[PDB]
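Numbering (PDB author numbering), first residue to last: 1 to 29.
Backbone N, C-alpha and C define an ideal beta-carbon position, used for all residues, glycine too.
Report on the following structure.
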Amino acid sequence: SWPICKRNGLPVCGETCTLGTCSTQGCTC
């Protein structure tokens, strides 16, 4: 959910991607 990041559609990643991709491996903006 760019900018916000979400794995299964929930606030679990706790991060904000600014390049169209979460900093982690498994989450989806």
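Alpha-carbon to alpha-carbon, residue j and residue i
i, j, result
"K6", "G20", "12 Å"
"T28", "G14", "11 Å"
"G9", "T18", "18 Å"
"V12", "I4", "11 Å"
Reduced DSSP category for residue i - H, G, I as helix; E, B as strand; rest coil
i, result
"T16", "strand"
"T21", "coil"
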